[PDB]
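So the structure is just underneath, and the comments pick up after that.
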Amino acid sequence: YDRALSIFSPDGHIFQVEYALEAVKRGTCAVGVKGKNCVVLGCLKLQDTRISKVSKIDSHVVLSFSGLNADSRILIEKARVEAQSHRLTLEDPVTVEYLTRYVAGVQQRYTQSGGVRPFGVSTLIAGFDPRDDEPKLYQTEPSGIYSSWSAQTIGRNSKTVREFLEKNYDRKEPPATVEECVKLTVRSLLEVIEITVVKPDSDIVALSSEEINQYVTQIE
Amino acid sequence: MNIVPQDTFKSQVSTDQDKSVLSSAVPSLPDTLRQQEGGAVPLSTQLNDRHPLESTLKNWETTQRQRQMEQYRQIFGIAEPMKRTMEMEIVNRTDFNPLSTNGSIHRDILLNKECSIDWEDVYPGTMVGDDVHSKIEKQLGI
Amino acid sequence: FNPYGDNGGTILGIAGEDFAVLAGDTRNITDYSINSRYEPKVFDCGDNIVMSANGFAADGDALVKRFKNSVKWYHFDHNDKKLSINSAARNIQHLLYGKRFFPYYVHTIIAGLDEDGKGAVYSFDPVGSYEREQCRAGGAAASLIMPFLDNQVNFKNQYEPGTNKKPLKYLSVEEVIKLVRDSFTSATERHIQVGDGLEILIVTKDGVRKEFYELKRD
Amino acid sequence: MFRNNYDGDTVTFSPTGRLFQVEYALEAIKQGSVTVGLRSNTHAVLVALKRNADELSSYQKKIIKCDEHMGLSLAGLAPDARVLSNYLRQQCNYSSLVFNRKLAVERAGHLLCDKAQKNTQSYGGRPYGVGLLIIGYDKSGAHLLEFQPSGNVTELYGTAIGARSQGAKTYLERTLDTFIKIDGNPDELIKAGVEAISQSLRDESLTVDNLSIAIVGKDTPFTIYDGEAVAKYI
Amino acid sequence: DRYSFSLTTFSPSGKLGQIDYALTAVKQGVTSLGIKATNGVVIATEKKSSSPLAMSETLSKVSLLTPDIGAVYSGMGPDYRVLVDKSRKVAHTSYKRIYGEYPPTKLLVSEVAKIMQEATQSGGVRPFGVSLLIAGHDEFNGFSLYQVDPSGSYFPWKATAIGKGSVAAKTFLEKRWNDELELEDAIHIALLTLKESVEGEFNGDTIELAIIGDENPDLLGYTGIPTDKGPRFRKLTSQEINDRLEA
Amino acid sequence: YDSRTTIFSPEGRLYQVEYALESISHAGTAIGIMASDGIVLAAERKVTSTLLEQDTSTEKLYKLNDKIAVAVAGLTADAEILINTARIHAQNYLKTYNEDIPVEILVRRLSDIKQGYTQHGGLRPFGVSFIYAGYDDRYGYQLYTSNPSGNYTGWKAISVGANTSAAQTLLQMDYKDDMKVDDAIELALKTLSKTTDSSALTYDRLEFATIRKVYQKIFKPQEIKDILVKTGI
Amino acid sequence: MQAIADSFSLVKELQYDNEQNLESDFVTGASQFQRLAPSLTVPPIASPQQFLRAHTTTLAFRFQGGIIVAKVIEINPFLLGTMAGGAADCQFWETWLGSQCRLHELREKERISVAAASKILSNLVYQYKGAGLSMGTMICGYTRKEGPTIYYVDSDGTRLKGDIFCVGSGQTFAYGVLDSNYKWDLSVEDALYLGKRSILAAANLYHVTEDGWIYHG
Amino acid sequence: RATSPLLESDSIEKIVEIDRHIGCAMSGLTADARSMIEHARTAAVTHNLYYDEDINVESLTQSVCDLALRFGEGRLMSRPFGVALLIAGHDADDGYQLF
Amino acid sequence: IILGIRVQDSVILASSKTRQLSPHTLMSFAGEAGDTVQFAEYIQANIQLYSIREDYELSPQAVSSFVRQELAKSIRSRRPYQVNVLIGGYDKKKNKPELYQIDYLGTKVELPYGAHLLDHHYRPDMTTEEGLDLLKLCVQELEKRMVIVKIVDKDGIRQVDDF
Amino acid sequence: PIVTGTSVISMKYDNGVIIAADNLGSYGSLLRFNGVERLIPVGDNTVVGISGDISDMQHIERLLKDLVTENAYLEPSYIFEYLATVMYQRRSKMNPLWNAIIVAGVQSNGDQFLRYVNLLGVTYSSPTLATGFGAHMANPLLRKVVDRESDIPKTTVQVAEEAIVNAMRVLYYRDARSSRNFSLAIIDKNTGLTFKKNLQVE
């Protein structure tokens, strides 16, 4: 019952989608943390550094991913095209929920035929709605399911990093400062650095590879 | 049983007539960015004062094919046009190639165009929606 | 080739309290030649709806046949639910505007009762603007039909004698029928197209009734 | 055993010519609930034992109406019953719109036969797996057609389809001599039908909710009696 | 049904099975060979016939693609015939109709290779079970000889042979080839190689040979345009081939 | 699970794409080296014989544009299909913006093309990996590779094909990023000479190119032989 | 195959082969009443536009309390549209717009931006630009984020925003009398007074609020 | 149901509005539920637009099931939906009813 | 009305509208209502999509080539709508201003100034203060014959209240 | 319209309907083709009379033979409804049949049937119908025999026939496109369909 998207398992599972989630489980780890005022995302010798896994889809909304890199790049390109198409047809920038809904729809669409492979990628979408300051963080899955999270981790070590976040996050005492979110993110990563901070009104900073937080957390 | 293509004008028009290029935000209007036609400015209303030949030259071959199938139905019965069409659809549906513009080598044999050139052969004639994935989605109907 | 013609004849919707009247002449015209003296210009559509698409006869027949079929589908889908007069009007609006660039060259009127049982008349532009109306004339002699009725059912520009407005009155269904009769008699007297006969559909809470009255044959 | 190899599609015959995949769709009727139909010369009657999924649920609508002259009864797959009923009613309508003639019941049945046959021979679809009883009244009088999803149509005086239809059909076979003469007294034909459907019952009895009736005839457009209207006949 | 799965696929070894099996079908085909001279190219092959009642004059294994370009094959003759038809059509449509001149051999070979490759991606067709030796002349590239394989790979060769005799023919060519051959020397070496490769009766009617050489104005069919160029492709008659064999 | 490229295995891995990757392990090694003042490209001509026209077998190094070249490893037919698609893309870009295409945009387009063939079931992956050398005025000299999977990476020096692990180890030991093009040529030749399965790195077994100064040169076998003897091979 | 065969197997003459015709005449169900973006018939000729050709004052301004507007189609309880141009075209396309808005609000679970609604309108009108659709709907509303918002939309597809719009026969008199008094910091009943004075100078009131539009007679 | 305490329960949305008097609760493969709810909403709004009348809840659930048919003959979908819908509403025809 | 002046330091544009195509690139346009603004906003969405995809500003020359190509492609299908476009941008790579005009047929030309007089005034060496004075003079002569003002600069795009 | 048919005239009578046509196709002013029969019986109970373009006439005549051939697997009303639908859909296609058609017959209940249809799809009943020039000259004469539907039971077949022959005589006198030869059909509920070919004005 494993060898098509069309086939339900006798127990109601569609194994071919669970195998795409197993494909996600092999991708390099991506972490996301919402604060009160920001969302924080993070994750050979002869590599040419100048030519980050966190991809801006629009000035106000950002997409990270884990899983197959090429699939992720195709889905990022489609998300960017949709963001600009909305911004053209309607005057308003896309809602972050609208963007993640579109991405999950695209991932679902590539699940609706046995002749096409589903995207073996899960995305972490972070940003702020235009003229809004509630931080929003979402996950999408190969099935085209999507969910809103206070913090999440996907890929190779998502189990342990998530079990860490489940105890170091507090749903009613969330980190209330940018440095506190970056601290919690780096700590979660140090369980296994690159950090991006997104702030309201289209303000996004890749955090300069400041090792200060690393040294501080190693002192702790 | 036509020589010149008769049925050559759209009888009905709608903003949604063009499928696969619709706005995801408002599924009633075109996606002018994905159209890449130079904006909305090619509004569908501008399909006016077409060249008199164009509406016949585009679909000349289709009309010749339809006449040929009609002649085969009249003389040989429903079996022969059915066989021809089934063969042709098998060829069309099994040749998928998103990178090549060229016509299938077997399609030309079935059409009996192995030793024929036309201007469509000589003159076979984008930031969005040109990708291989757009062709995959068109072909599978994703 | 011109895809339209004028078949003449006239229609008249009147909304009562508990009734609505739709009247039309039965003569069919082409140019100065009488095509027939009795075509039924007004139709019972069921659901206590009466309809007439006045104007080009063929487009009227097409529109009323599409409407009746749409009513059939409305019944199939909604288990014989009575189509409401407002829903009927919205249906006919969408039927009309679907022709926006090749319109049915007709002015159409439906008469019925609303969910209150109050007399209802609707009239539609050939491109499907519509209004709830208490009375409406249509067709070539509409300008003859309407002002008299606007002077006899309404009392507009009348005053209480010497008290330089007299109040309007509710009218019994037979009294408005008699006013339609007299109005069409005057219009056939003065307008050459107003037919040889007058057929009146009376919508009531009991159902629809058809009445027919002869008019001058010249 | 070897049936397992040659039963995967409607496109493989077995070494014995069986075409099992159609046989399985004909067995799909046996999973349906019983319905009876019968006619006299002037009237035609359908009777159906409805079912409900649970005591908290309403009974499923088993009988339908093509137009004011003909109607239909379902047994078997609900999706295919929906398809065929929509098809039969879109044909009844197109016939009326284009010709302003009531579609002959026999013609409607032949149209169903044709539609059903296609799925028996192409690879991709599947047979409709649903039996239909058609009744109507036209210029030729009262009609009863049984449709089988193999694409077979027979005009009958009476029949039954569904799980235990064999009982009702055996009863009708004993009594056809009586019901065909019941002309101008449709109440007795309805009661004969309810008697016929009183066989083939199991752990159950006919009730105003579970029983549904319809009738059509020379003086009687297609009418459905269900609920309290059935208590006249129980 | 909107999709058909790819018939050609990689094996766990990384080898595309249908490509290997098409190359095996080529190995099974009768020997053909070609040789660049300094002043021409030879292509030759055996006219194996299923009967002596067959008309050898209809076993056109060597075929003109352009007045300057010719092809031969080993393997599935029907595939070769369809490929020849398509290569001629593309030589006209893609090139002669655009630039007013026949394509260079390199670009017609590239077009044939493109056509053959796409049968390796399609899920509707098998690859072609033929390899082609394409010999031609170009005003700038001069005389050239390419071998196109079922994969749609092609390489330029000084001399090559394909089919059953391919390896022994390639060794005989490698020992006998030199950069100074004249076209008559290349024709002699070709005939000796085929005599060594052929099975059974070796005569001018069991062989055919074509050359790319100087223009043949007696094959042009018209006179009086002095810049206009007779075909350089020329098939040898079986009379001439027999007159070679008497050497 | 491996029968078709559209099926995930239970391990979540696409065996058909891993087999397309493994196909390149049998192509002769290609190598690319980016220097302070240019880029070197070199490749082994593993398919070689004395009857082959080495002088005209340009068969692993293809220029896609001015200021951009590719080195090919794997199926040459697929290679030339992708090369002609990329050439058409580069010329469309020049036609639209009147500027030379950035190298990364071309690499991205080609990698998206290669990816799509892994995602529709009637297509197989291209059994070919390119090394891209080029120059643009955004990133200057830059060097990339891409796999049958359609992922790509930027590299200072890279090797693809059969002995990529050995060549990349020799690069990792010997490469230093302040070397000049004339140094990188010799480092490439050393690497290939130590990597090749041949008894000796004869000039006919090599194809060589450089991008520097902006001009690109594909070496004719004479100057290849001269560069070899200058290096001392 | 059989589908192919049945293509070669009386319905051609009345064109009830054509699926969109079967739908239009309600043969193939009620599907004509099941489509958004209603299909419009065009005459099957080389020059449809030739065949087609051959066939009030209102005010708004933004202020502290919202907008006052002074035939105002209730597109939604939060959006108002001044029917202008062809009444049939206005009634139809504003009803369609109201349905598109309802769908947007359902999917996104927010009140549509007045900018978004006006853009949807202008885009659709543009798409039919050059074929009828005489249209001048001024679009008015209030959104928690946007605040009071005004957009005019035209048959020609113009879309324009401003603090004051004066349209119709006395538009220049209304504009002159308003500019003599207009302020941002008007009190609610003061703005109502200035509005009535400016309409009276040009001889309905609608008050537009975060909790919807209000009619003041 | 929540996979983890970091999941925001305020965004699970297992109950949705289809129309002013009709709601729907999901269970199963949420992607298919999204597709059915978008269809139902489109049907409801279209019925309002064309009939000036809110959809009968029975007619709505009929349309929804007509969608679920389209894994076979009315094909659109590779497989049946993995979702059941529980549609509750009020109408002037039959009042409060649950499907 | 639209007007633009290329100065030694800046590009100055003026109009009686405009879209920002990128932080260092500005577009101003005149022509038929709807057609012109639908075009300008399709162009803006395209340049924004490019800038997002590359994380890099498209140069003013490439922007003006794109607008030329898109305008020609727009005309091919339909009657030419009357439009004229001025694109003023600062080329951060060459470190100099550039001004392009595109006519309703997609004829593109690099201009020192254009509109849709100054030969007696305009000097290539002017400063943006001299350019703003020349703009004031030109508007004064325009009002004799019968604005929003933008500057494009190393520091981006600037509004000027000294209209 | 190149070859055109002159005019059809018809009336109903106590037991049936009479229809007549002048059996001539004119090529403009050239009376090119004689013996062009324009009355087309469609089974025992109806005759379709067609006027205008004779080529379109022969296309509608084969549509009618197709109709009969399919029914063999009719009332006058059904043939009319089909014809009218074809006509109107051709109109809306902007591809009219340049014809005016009268479907005359008797319903199986015995009701007389007369409907006119033209290229526009305009339709009407009357006690008397005529097309083209017959609508101006013949109709006045037939309307003197049956002015109203109460006159039908008063009008014998002999008088209706003599009236039709007189109207054909008047048409021959005053219509330049009329022939002297004409065909007449009587559809009677009792005696069935009588189709008198090649009558002459006398």
Side-chain angles (χ1 to χ4, degrees), chain A residues 1-2 4-21 101-102 104-116 118-119 140-147, chain B residues 27 140-142, chain D residues 53 57 60 77-83 86 124-126 128-130, chain E residues 2, chain G residues 34 106-107, chain H residues 1 12-19 22-46 55 57-89 98-99:
Chain A
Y1 308 94
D2 310 348
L5 299 163
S6 316
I7 300 171
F8 286 107
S9 175
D11 65 353
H13 289 261
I14 304 172
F15 296 134
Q16 191 54 216
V17 176
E18 305 195 332
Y19 299 172
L21 281 157
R101 192 188 314 120
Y102 175 79
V106 175
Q107 297 201 263
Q108 180 184 12
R109 274 208 300 132
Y110 277 67
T111 302
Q112 291 170 342
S113 176
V116 80
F119 290 109
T140 73
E141 298 176 38
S143 58
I145 294 174
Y146 75 93
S147 300
Chain B
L140 266 55
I142 297 298
Chain D
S57 69
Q60 62 188 342
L77 292 180
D80 303 76
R82 182 60 170 170
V83 172
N86 285 3
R126 61 161 183 75
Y128 285 100
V130 68
Chain E
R2 279 143 285 110
Chain G
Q34 298 180 344
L106 275 164
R107 176 163 53 249
Chain H
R1 188 177 297 165
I12 287 177
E13 190 149 43
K14 249 71 185 183
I15 310 176
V16 300
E17 187 187 340
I18 297 170
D19 208 357
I22 324 181
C24 175
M26 307 162 176
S27 192
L29 301 187
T30 307
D32 297 0
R34 295 193 287 81
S35 311
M36 289 189 284
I37 296 304
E38 176 63 22
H39 182 74
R41 291 168 172 171
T42 300
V45 172
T46 299
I55 199 162
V57 185
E58 197 175 42
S59 310
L60 181 80
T61 184
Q62 184 65 285
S63 188
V64 167
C65 290
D66 286 337
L67 180 65
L69 296 177
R70 308 226 290 151
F71 66 88
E73 186 169 10
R75 70 195 296 251
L76 184 75
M77 319 190 296
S78 315
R79 57 163 183 83
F81 293 129
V83 169
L85 298 187
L86 188 61
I87 294 159
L98 175 72
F99 299 93

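A note on names: the letters A, B, ... follow the listed sequences, proteins ahead of strands, and every chain is numbered from 1.
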Quick check for you: to the nearest 0.5 Å, what is the distance between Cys24(H) atom SG and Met36(H) atom CE?
7.5 Å

OG of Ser6(A) to CZ of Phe71(H), rounded to nearest 0.5 Å, is 13.0 Å

For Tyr128(D), ring-ring contact (aromatic ring centres under 6.0 Å, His included) partners two or more places apart:
none

My understanding is that only residues two or more places apart in sequence, or in another chain, count here; which of them pass ring-ring contact (aromatic ring centres under 6.0 Å, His included) with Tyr110(A)?
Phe119(A)

Checking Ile142(B) against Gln112(A) for the side chain to side chain contact (heavy atoms under 4.5 Å, CB included) test, could you report, in this order, the C-alpha distance in whole Å, the side-chain angles of both residues, the deciding distance, and whether it holds?
CA-CA 7 Å; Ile142(B) 297 298; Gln112(A) 291 170 342; 5.7 Å; no

Would you say [X] and [Y] make side-chain contact, with heavy atoms under 4.5 Å?
X: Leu5(A); Y: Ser78(H); value: no
X: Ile12(H); Y: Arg1(H); value: no
X: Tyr146(A); Y: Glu141(A); value: no
X: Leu85(H); Y: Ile37(H); value: yes
X: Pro79(D); Y: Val83(D); value: no
X: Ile14(A); Y: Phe8(A); value: yes

Holding to salt bridge (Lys or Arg N to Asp or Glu O under 4.0 Å), I want the full list of residues that pass it with [X], two or more places apart in sequence or in another chain.
X: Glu38(H); answer: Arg107(G)
X: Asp2(A); answer: none
X: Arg126(D); answer: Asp80(D)
X: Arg41(H); answer: none

Assess the residue pair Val64(H) and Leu67(H) against the criterion (side chain to side chain contact (heavy atoms under 4.5 Å, CB included)); give the C-alpha distance rounded to whole Å, side-chain angles, the decisive distance to 0.1 Å, and a yes or no.
CA-CA 5 Å; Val64(H) 167; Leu67(H) 180 65; 5.7 Å; no

Does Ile7(A) have any side chain to side chain contact (heavy atoms under 4.5 Å, CB included) partners at least two apart in sequence or in another chain, and if so, which?
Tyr1(A), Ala4(A)

With sequence neighbours excluded, tell me which residues meet side chain to side chain contact (heavy atoms under 4.5 Å, CB included) with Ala44(H).
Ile18(H), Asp19(H), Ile55(H), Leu60(H)

Could you name each residue pair satisfying salt bridge (charged side-chain N to carboxylate O under 4.0 Å, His left out) that touches residues 5-19 of chain A, not counting sequence neighbours?
none

Where the side chain of [X] meets the backbone of [Y], is there a donor-acceptor pair that is under 3.5 Å apart?
X: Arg75(H); Y: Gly125(D); result: no
X: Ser63(H); Y: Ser59(H); result: no
X: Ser57(D); Y: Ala53(D); result: yes

Go through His39(H) and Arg34(H) one step at a time and tell me if the side chain to side chain contact (heavy atoms under 4.5 Å, CB included) criterion holds.
CA-CA 9 Å; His39(H) 182 74; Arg34(H) 295 193 287 81; over 6 Å; no

Who are the side chain to side chain donor-acceptor pair (under 3.5 Å) partners of [X], not counting sequence neighbours?
X: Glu17(H); result: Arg102(G)
X: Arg79(H); result: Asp32(H)
X: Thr140(A); result: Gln107(A), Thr123(A)

Verify whether one side chain among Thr30(H) and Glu13(H) offers a donor that lies under 3.5 Å from an acceptor in the other.
no

Is the number of heavy atoms from other residues, nucleotides or ligands under 6.0 Å of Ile15(H) CD1 greater than 12?
no

What closest approach, in Å, do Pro142(A) and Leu21(A) show between heavy atoms, and which atom pair accounts for it?
CD-CD2, 3.6 Å

Can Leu98(H) and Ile87(H) be said to form a side chain to side chain contact (heavy atoms under 4.5 Å, CB included), step by step?
CA-CA 6 Å; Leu98(H) 175 72; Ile87(H) 294 159; over 6 Å; no

